[PDB]
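**Student:** This one is an experimental structure. Sequence first:
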Amino acid sequence: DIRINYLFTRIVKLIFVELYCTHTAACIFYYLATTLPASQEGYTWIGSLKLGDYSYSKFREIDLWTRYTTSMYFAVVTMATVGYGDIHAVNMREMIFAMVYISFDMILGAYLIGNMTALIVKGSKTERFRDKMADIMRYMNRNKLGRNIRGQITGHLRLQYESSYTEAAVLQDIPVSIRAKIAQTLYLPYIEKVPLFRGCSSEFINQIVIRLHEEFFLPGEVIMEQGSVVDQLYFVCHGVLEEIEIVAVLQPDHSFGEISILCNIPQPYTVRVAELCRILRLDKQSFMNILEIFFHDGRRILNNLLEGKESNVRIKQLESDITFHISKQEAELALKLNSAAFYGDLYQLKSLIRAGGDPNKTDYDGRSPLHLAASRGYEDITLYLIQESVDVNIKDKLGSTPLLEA
Amino acid sequence: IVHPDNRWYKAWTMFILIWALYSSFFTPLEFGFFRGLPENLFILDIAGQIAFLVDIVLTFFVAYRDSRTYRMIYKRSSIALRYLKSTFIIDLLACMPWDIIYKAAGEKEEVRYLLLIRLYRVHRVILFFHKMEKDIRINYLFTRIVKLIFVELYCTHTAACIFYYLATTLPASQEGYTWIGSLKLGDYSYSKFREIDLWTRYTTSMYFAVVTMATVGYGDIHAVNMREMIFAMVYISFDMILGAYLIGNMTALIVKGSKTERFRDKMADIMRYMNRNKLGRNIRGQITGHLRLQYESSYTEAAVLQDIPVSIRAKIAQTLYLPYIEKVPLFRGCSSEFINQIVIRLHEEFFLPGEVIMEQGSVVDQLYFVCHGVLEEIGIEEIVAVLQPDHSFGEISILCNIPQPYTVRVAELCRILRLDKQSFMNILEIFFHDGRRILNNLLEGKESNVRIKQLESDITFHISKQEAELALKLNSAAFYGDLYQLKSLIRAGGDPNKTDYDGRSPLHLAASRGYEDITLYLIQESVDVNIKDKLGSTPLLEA
Amino acid sequence: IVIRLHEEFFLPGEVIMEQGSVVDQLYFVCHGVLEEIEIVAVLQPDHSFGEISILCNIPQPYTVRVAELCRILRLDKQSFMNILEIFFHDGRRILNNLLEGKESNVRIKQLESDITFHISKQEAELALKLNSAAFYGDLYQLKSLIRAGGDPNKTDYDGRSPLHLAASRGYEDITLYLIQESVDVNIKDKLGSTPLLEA
């Protein structure tokens, strides 16, 4: 069973076995005393016993208990290698059982130590915590870091130990790339609840979840400074973050840093943690790529920002930049489609066809994807457009035809 | 007024720790060796409770850190409500005086049994070891030994006081059955068993408990009664489990060792092999010195600095490496955020003087930045190139996919900042606007570079396809005649002197719709007025 | 060649190379006795075996058996067939020892004929691959065929100086070195052309 510990369930077994052996030895040891006739009971280990004023003269018909507790007390003393000397073997037969029991218990006694030190050799939670600070401390003071950053690191590391959990450090790293399935199990509910992703396609969300990360922040820390560009995207999952006198408070199921990740304007506000927060992060470079491929989905995302801008922070300069992209969004669908066929892309081309507009529509000058596909003779891609029943007599604004350049 | 962790409060906590130490060791003495309390010790009993009584009222005015939000609650009703449900039920009971009550309520042994409740307040001492255990400045082997010794020496002291109590339950008529009433060590009769002394009575009882705690068992003092055997088996059986725990706990810490002990073993093994063949006289010192530097500089690769969040990790990167990168000649003119990205992946490396970084003809798969010392390049052995600090090397080899043709060796203690080659194009590819600048810097720097480069590389091919893709939007923007986005597009590195796949240019499309408003901007942008497409169509003809 | 060696042991009674099997390694005996196979010969230390088959590509015609405990040095065919390919002058003299050794033991007329062809035309191939090196603009290993090679002025079979190919692709980073050797520029092939005309 995994609920109980591994070595602990083994330590108790050794203790019970060791305890049972003494009980059996004590019962047998009294039997060796009564194997002799009562006339010569004085040669036994109990027949000649005298502790205080009790004589043990008869050694029989005394009682069950005081006859037993005196035999077990002798056995338990021998087992623990104490050897008071109150009771000792007197007979030849009791001597032979004496070394047999003593020699065997020496192996068992040394076996209990070996099992239980292995329970300690496994790193304790505080044992690894001390060693981890020792490694970073020698690196951290070697470079002579400032005192302000000293509080941030040590306090953050203590959070991992104090709150435990954290799934160790590498988490195992043995799990296969099926971690995407686990990522969609926990991070999905917090993602769909954000206001910015309202109305976005589910598949687009299903792709952005697998690249998230889990981070914590202690109260009083500063994540983004004043007038500094940002390279990440943060979604608040738990806790309260405060933006800066104060301006606003960010309740959970909110995201910040989007004004500076789209319009390239440096972030004009400083955010500060007010309560312990579980915060999800994203990389700017990876997030920007998924918007380029999802041209139709990305355009609708800016609509929420424009609506959100009107409600709070109008941002006329940002609105003007956002308006230009949405206004010409319908044209760029076929504009990069021509470039897609020029380089013969296959896997991501279908995304702009299955989840895109008409490939028949040309660009500004007039250039069907069939024109560029046959320009370099990419026969591995030309066969697909006939499945879409694209016309062959595409008259561009040059007097040419898709067959002429082939 | 509420003081969460005031300096004055910490002094008070240590003061009450002394009282907790005193009252935890004195309670067994009063319970076992005494029947009541003599008038000589009345003042001590009263003073002991008053010291703890103040802690009961003073603990309602102390803030605590919330276990869920770490907010330092400070709420008046929250501090009180927390304490009444945690400890106040049992702590108040201990502070009650029981010597007076037992005397007042006639003389009954039943009430005096509950006096053992005061043994709980030894938990303050255990908590003190727990706090001191977490401190880095205190040796871990030392604190674990002290805590284990104290937790075992206290049990022995408690067992000694209980043992003498078991000998007092028997009436004085049959005192010869007890383990001590029949004692005779030398010529001391030990007959009376009472009104002998407090110290001679205690030191013989504790001498018995210590002897049996270490599994010695002299046998002069031993259990004789029936109620003393039962307690002897319990204490002995429980001791051997705790006794083996001290051995097991110290064994693990010795087995673990330290970094230096493991490092010593590694040098011991190699020295035996190196001395086995009796090879080298100066080589022996050279390899030994290199290994010493390896352990001394074994701190840049900090595995601890991996769970730290990237936002904190980024800040510590720019405070060390950034002042040494922004002034590199190769990285002149690049945008600020591009340098901020390459500074994250930089790695530290130390090199002992006299050794070689890379050899002639070996394909370069890592980019190196010079940060300290001096570097000497040797080729033939003649030295013609010297690498001064703040100068990069090996960049040309990676870009031109040519093996290094002129090896370099170090002459003085040099710190080299290493950048992985595999992690260099990927950042370069996503940043193509400034990627042209570093290529132009390379060409303008050297007199001829390497045949003015040769392209035919994934890095060089992709940057061309990305920049051409950018100009496609610029070409489309000029078609619609939206001058508002033209200035912004060219502001962020947009080059009007760019050609799309089909030979077209923004100047060509400017005359397509007769947009004279944007035509003069292109002239001010210094565009080729007679640029020809693949079909040889000049912009004038198109107009 | 030393820096690429490896040390391996072999207990007696083992077989290193079977009968009629191609060989991928070169073995030098350091200590011990090797038996070649009824028996044919015994290999005392300071000898090398597996050398006839590595060059002439003929499968190894003998079985090598470890008579007594031996520690031998090994090499790799891929990492050895190139070090003598770039050492054109040194590699040719190595075959001379084999030819002298072949006459003393194992004449190998078929192997001798193949070896004789390479040595006979070894002087011409010095400049033949020299032009190819200048064609691709090699720098580090090119000097080996100059510092430890023949005259770059000598042309190939058709007649083409390295200066001709140096200016063919405009490798200005390599053309400046030729003047240091005082190579002529009026070098004419059997076409009436000059290196300047090609540039």
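**Tutor:** Alright, I've got the coordinates. Numbers count the residues shown, from 1 in each chain, chains lettered A, B, ... in the order given.
**Student:** gap between the spatially most central residue of chain A and chain C?
**Tutor:** Nearest to the mean C-alpha position of chain A, counting by CA atoms, centre = their mean, stands residue A:167 at 4.3 Å. Taking CB to the nearest CB, to the nearest Å as the measure, residue A:167 falls 44 Å from chain C. C-betas here are computed from N, CA, C, even on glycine.
**Student:** Surely that residue forms part of a helix?
**Tutor:** No - under the criterion used here (DSSP: H, G, I helix; E, B strand; the rest coil), residue A:167 is coil, not part of a helix.
**Student:** so what's it up against?
**Tutor:** The contact partners of residue A:167, by CB atoms under 8 Å, 6 or more residues apart in numbering or on different chains, come to none.
**Student:** just the helices in the stretch 301-406 of chain A please.
**Tutor:** Ranges of helices in the stretch 301-406 of chain A, per DSSP state H, counting those that start in this stretch, are A:316-327, A:329-342, A:351-354, A:369-375, A:379-385.
**Student:** Most tightly packed of those helices?
**Tutor:** Burial of the helices of the stretch 301-406 of chain A is given as mean neighbour count (mean count of other CB atoms under 10 Å in any protein chain shown); helix A:369-375 ranks first at a mean of 23.
**Student:** Using TSV, lay out the helices of the stretch 301-406 of chain A together with distance to residue A:301.
**Tutor:** What follows is these, written out as TSV (distance: least, CB to CB, whole Å):
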stretch	distance to residue A:301
helix A:316-327	10
helix A:329-342	11
helix A:351-354	16
helix A:369-375	26
helix A:379-385	29
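**Student:** Can you redo those as TSV, where the extra columns are distance to chain C?
**Tutor:** Converted to TSV, these look like this (distance: least, CB to the nearest CB, whole Å):
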stretch	distance to chain C
helix A:316-327	45
helix A:329-342	29
helix A:351-354	41
helix A:369-375	29
helix A:379-385	32
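**Student:** and residue A:277, which of the ones you listed is closest to it?
**Tutor:** Evaluated with CB to CB, the helices of the stretch 301-406 of chain A place helix A:316-327 nearest to residue A:277, the distance being 26.5 Å.
**Student:** by contact count, what packs against the closest one?
**Tutor:** helix A:258-262, helix A:295-311, helix B:483-491 (3 or more CB pairs under 8 Å, 6 or more residues apart in numbering or on different chains; DSSP states H and E).
**Student:** Go through the ones you listed and pick out the most buried.
**Tutor:** Comparing the helices and strands packed on helix A:316-327 by mean count of other CB under 10 Å gives helix A:258-262 as most buried, with a mean of 18.
**Student:** does any part of it sit near chain B?
**Tutor:** No - Helix A:258-262 does not reach chain B (CB under 8 Å from any CB of the partner chain); its nearest approach is 11.5 Å.
**Student:** now what about that helix, what contacts it?
**Tutor:** With contact meaning CB under 8 Å, 6+ apart, helix A:258-262 is reached by A:196, A:229-230, A:233, A:265-267, A:284, A:287, A:302, A:305, A:313, A:315, A:318, A:322.
**Student:** do stretch A:5-15 and chain B meet at all?
**Tutor:** Yes - in terms of CB under 8 Å from any CB, part of stretch A:5-15 sits within range of chain B, namely residue A:15.
**Student:** Tell me which residues touch the closest residue to chain C within chain A, please.
**Tutor:** Chain C sits closest to residue A:376 of chain A, with a gap of 26.2 Å, by CB to the nearest CB. Each residue near residue A:376 by CB under 8 Å, 6+ apart is listed here: A:342, A:344.
**Student:** mind checking the backbone torsions on it?
**Tutor:** With angles defined as degrees, to the nearest 10, residue A:376 sits at phi -100, psi 10.
**Student:** Could you pick out the residues of the stretch 151-300 of chain A near chain B for me?
**Tutor:** Taking CB under 8 Å from any CB as the contact definition, the stretch 151-300 of chain A meets chain B at A:152-153, A:156-157, A:160, A:166, A:169, A:215-219, A:223-224, A:229, A:231-232, A:239, A:264, A:275-276, A:281, A:285.
**Student:** Tell me how far residue A:348 lies from chain B.
**Tutor:** As judged by CB to the nearest CB, residue A:348 and chain B stand 14 Å apart.
**Student:** and that residue, what does it touch?
**Tutor:** Counting by CB under 8 Å, 6+ apart, residue A:348 has contacts A:293, A:340.
**Student:** Pull up the gap between it and residue B:541, please.
**Tutor:** Using CB to CB, to the nearest Å, residue A:348 is found at 38 Å from residue B:541.
**Student:** How about residue A:234?
**Tutor:** 54 Å.
**Student:** repeat for residue A:32
**Tutor:** 125 Å.
**Student:** Thank you, goodbye.
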